[PDB]
Amino acid sequence: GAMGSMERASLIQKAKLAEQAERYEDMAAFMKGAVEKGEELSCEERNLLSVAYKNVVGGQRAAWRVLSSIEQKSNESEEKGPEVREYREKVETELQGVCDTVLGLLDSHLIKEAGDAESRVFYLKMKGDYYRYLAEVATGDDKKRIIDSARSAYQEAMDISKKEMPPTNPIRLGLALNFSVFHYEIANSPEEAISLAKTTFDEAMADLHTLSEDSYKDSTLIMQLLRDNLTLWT
Amino acid sequence: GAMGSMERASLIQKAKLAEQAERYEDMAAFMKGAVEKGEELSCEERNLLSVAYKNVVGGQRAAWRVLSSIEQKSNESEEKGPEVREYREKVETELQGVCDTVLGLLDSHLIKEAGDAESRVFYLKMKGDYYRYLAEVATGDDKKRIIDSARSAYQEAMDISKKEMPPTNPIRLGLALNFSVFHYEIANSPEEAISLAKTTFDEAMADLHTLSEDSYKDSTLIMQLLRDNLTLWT
Amino acid sequence: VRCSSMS
Amino acid sequence: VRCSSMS
Ligand SMILES: [Ca+2]
Ligand SMILES: [Ca+2]
Ligand SMILES: [Cl-]
Ligand SMILES: [Cl-]
Ligand SMILES: [Mg+2]
Ligand SMILES: [Mg+2]
Ligand SMILES: [Mg+2]
Ligand SMILES: [Mg+2]
Ligand SMILES: [Mg+2]
Ligand SMILES: [Mg+2]
Ligand SMILES: [Mg+2]
Ligand SMILES: [Mg+2]
Ligand SMILES: [Mg+2]
Ligand SMILES: [Mg+2]
Ligand code: NA
Ligand code: NA
């Protein structure tokens, strides 16, 4: 695309500058350019890709929720015309476009080249996340298939992570956290969400003794998110 | 432009939705569409226009300052190639483009149709502000002319505001505040900045007794910004 | 409030 | 810090 003429290393360097400048749309465009060079991503590069798109889609999701709430209030009320629905639809279409972009990068060809557990689980978790973001706005005949696509990606990531990673590994923990959110918020399965969060927390607790001080801090930060959700849910 | 097919009232309605959703680029595009309908703007509409572009250019200015600081550190140091300069230049070009868009709306034809003091001062202050934002990044042979354009717009706004508005009027206060910032940060005139802020504050203080409770709150909020700058500067 | 996914 | 313009 528009980044085709820029060196891979320059795209990565500029993605890091864009992060420091809080220019997340630029960061995402730079990281998409880097992915499209066709080489596998290092751990740091995968995390830059994730940070960029998480911030872009996060702003869209927050906006969509504001607009959807106004739209639902409008239907409880004075008729204000088509504008709320139109603008919610525009934000929704842009959100779906970003999710499709991320899913396209994963399918062409990040996942198929990812052989190590750390990279494969990272990408499958991302696939689950972006289908989950599509599911948050889905209302039509494909909602069930979108939900199943998220579930399937998360499940494959879970299966690999349980075989290949220790229970404190931050990728494994973040995957379990997000899959538990999927169960609670998308799949109407709060008991599954609670069970997954509890088991994940307890198995990580039992493995903390193996960790360095720095790894301990990384793992316990995510465990606290699991605990925070459990406190909300129970 | 792209908003030419949308009703003026729908653009305004969507600008307000975009504000609630914190979608300031959309808000600016909607308000540009509204201006391009060719009718004068009401007070509320002028403020929507200002909020939209202030947030857009504010993100660009914050990013430019981050990148400029990294660039200057790079020149004090290991040579990291052209990427920092390139990316600072890209943000700078986008910032200049937004300022040119705002200045173009003011010149075609908001200012020439603005006959009331409240609208004319508002637009001339905005002209000063956006030339000031151009001046923050200017380094070439036109920097002096950019600075003089800001000064001239602010000065005309000041002359009208002193003749036509009470010293507590929030537009007059915000204009004096921004002109004082221009003197301090752009024109290398800290004494003029301090004198203007002091005189503005004192003349507003003497006029507060004329105000309703609500107008008092509006005026004293801006007076506090003048005082905050004076505390920093003295 | 609302539950949180990975930061 | 840095001075502030109108909010
Ligand atoms: Ca139960
Ligand atoms: Ca002096
Ligand atoms: Cl729209
Ligand atoms: Cl660039
Ligand atoms: Mg190369
Ligand atoms: Mg950006
Ligand atoms: Mg009614
Ligand atoms: Mg929907
Ligand atoms: Mg799958
Ligand atoms: Mg019409
Ligand atoms: Mg926007
Ligand atoms: Mg050296
Ligand atoms: Mg410059
Ligand atoms: Mg002028
Ligand atoms: Na699928
Ligand atoms: Na001028």
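Quick reminder, even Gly has a Cβ in these numbers, built from the backbone with ideal geometry, and neighbours come from all protein chains shown. Each reported figure results from applying straightforward, stated rules to the coordinates on display, with no laboratory input.
Would you please classify the overall shape of region B:35-85 from the alpha carbon gyration tensor, given that a ≥ b ≥ c denote the square roots of the eigenvalues, rounded means a/c under 1.5, and beyond that prolate means a/b larger than b/c while oblate covers the rest?
prolate
Hey, got the dipole for region A:24-174? About the Cα centre, +1 on K and R Cβ, -1 on D and E Cβ, debye to the nearest 20?
Magnitude of the dipole: close to 500 debye.
Which FRET efficiency value, to the nearest 0.05, is calculated for B:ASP148 and B:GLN20 with the Förster distance at 30 angstrom and r the Cβ-Cβ distance?
Numbers: r = 39 Å, r/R0 = 1.29.
Calculated value: 0.20.
Where does each of B:214-224, B:129-139 land if you order them by average Cβ count within 10 Å, highest first?
B:129-139, B:214-224
Taking a cut-off of 20 Å between Cα atoms, list the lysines near B:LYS163, but don't count ones fewer than 8 places away on the same chain.
B:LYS112, B:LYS125, B:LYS127, B:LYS198
Sorting B:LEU175, B:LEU106 on the 10 Å Cβ count, fewest up front, what's the list?
The most exposed by this proxy come first: B:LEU106, B:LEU175.
Counting other beta carbons within 10 Å of each Cβ, put B:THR199, A:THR231 in order, fewest first. Provide the component values of the computation, followed by the final result.
On the way: B:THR199 14, A:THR231 9.
Taking fewest neighbouring Cβ atoms as first place, the list is A:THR231, B:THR199.
Fewest first, what order do B:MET158, A:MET27, A:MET6 take by the number of other Cβ atoms within 10 Å?
Numbers: B:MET158 20, A:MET27 25, A:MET6 17.
The fewest-first ordering by Cβ neighbours comes to A:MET6, B:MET158, A:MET27.
Please give every one of the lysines within straight-line cross-link reach of A:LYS73, meaning a C-alpha to C-alpha distance under 17 Å, and leave out same-chain neighbours fewer than 8 residues apart.
Of all the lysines, those that pass the test against A:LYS73 - Cα under 17 Å, at least 8 places apart if same chain - are B:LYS14, B:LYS16.
Per-residue Cβ counts within 10 Å, from other chains only, averaged over B:83-92: what number is that?
That works out to 4 on average.
Could you compute the FRET efficiency for A:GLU113 and A:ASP228, with r as their C-beta to C-beta distance and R0 at 35 Å, rounded to 0.05?
0.50
Place the label 7 angstrom along Cα→C-beta at A:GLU36 and in each other copy, then list the distances from the first to the rest in nm, shortest first.
Label-point distances to the other copies, shortest first: 2.7 nm.
Given the convex hull of the Cα atoms of the protein assembly as shown, what is a quarter of its surface area in nm²? Numbers along the way, then the final one.
On the way: hull surface 113.2 nm².
Result: 28.3 nm².
By the gyration tensor of its Cα atoms, with a ≥ b ≥ c the square roots of the eigenvalues, what is the shape of chain A: rounded for a/c under 1.5, prolate for a/b over b/c, or oblate?
Numbers: a/c = 1.82, a/b = 1.13, b/c = 1.61.
Verdict is oblate for chain A.
Kindly state, to the nearest 0.05, the FRET efficiency for A:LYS90 paired with A:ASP202, given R0 = 41 Å and r defined as their beta-carbon distance.
Calculated value: 0.40.
What does the helix-only formula give at 222 nm for chain B: each DSSP H stretch with n ≥ 4 adding -39500 (n - 2.57), the total divided by the residues, and the result rounded to the nearest 500 deg cm²/dmol? It would help to have the intermediate numbers written out before the result.
Working: 9 runs with 172 residues, N = 234.
Using -39500 (n - 2.57) per qualifying helix, the result is -25000 deg cm²/dmol.
Put a label point 7 Å from Cα along the Cβ direction on B:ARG8, then list its distances to the equivalent points in the other copies in nm, shortest first.
Once sorted, the set of distances for B:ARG8 reads 5.6 nm.
May I ask you to list the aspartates and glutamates whose Cα is less than 12 Å away from that of A:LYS80, ignoring any residue fewer than eight positions away on the same chain?
Reachable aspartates and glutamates: A:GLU71.
With respect to the axis carrying A onto B, what is the closest chain A residue by Cβ position, and how many angstrom separate it from the axis?
In residue-and-Å form, the answer is A:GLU25, 5.
Sort shortest first the distances from B:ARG145 to its counterpart in every other copy, using label points 7 Å along the Cα-to-beta-carbon line, and give them in nm.
Spelled out, the distances from B:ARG145's label point are 5.9 nm.
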